[PDB]
């Protein structure tokens, strides 16, 4: 389907998200594994590093803040930067060519007692389709495969039928 494809070279899915609140741990482990060309990071280990005192269900379901995500990247030799919007196709193209990972911070369009769950995903790269559309390739931690998102649209449809608005990005993993 693609005429041009630009991906993070060594990105590989090695684990998927089950019943826990560790989406940002999944996302940062896969981006650091790709930019360092390693297999040592795993979500559980990220989470235990940042939340050493939580146990049981609290450990299982407590997610991360953007500050915790930025400090984690600094501890692993990166300098992540918060961008308070969705990255453009050109931005993704240039960061991907430079081997810099991008985490997506998404907010669920569908509500539940007025609250919009937050969910983090990873950018894998970008591509131009045969009809000219400019797309960003995304890995959502629940899936064993990637999605393609038109770059003009800031709401990503995910595999269970929900929709997440890409409201901010952390780049530099």
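Numbering follows the first chain given and starts at 1.
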On average, are the C-alpha B-factors higher in 143-151 or in 23-31? 143-151
Which has the higher mean CA temperature factor in the PDB entry, 117-125 or 58-66? 58-66
In terms of the CA temperature factor given in the entry, to which third of its chain does residue 76 belong: lowest, middle or highest? lowest
Quick tally, chain-level thirds of C-alpha B-factors: residue 173 sits in the lowest
Ranking the modelled residues of this chain by C-alpha B-factor as given in the entry, is residue 36 in the lowest, middle or highest third? middle
Quick tally, chain-level thirds of C-alpha B-factors: residue 82 sits in the highest
Quick check for you: using the entry's CA B-factors within this chain, is residue 167 in the lowest, middle or highest third? middle
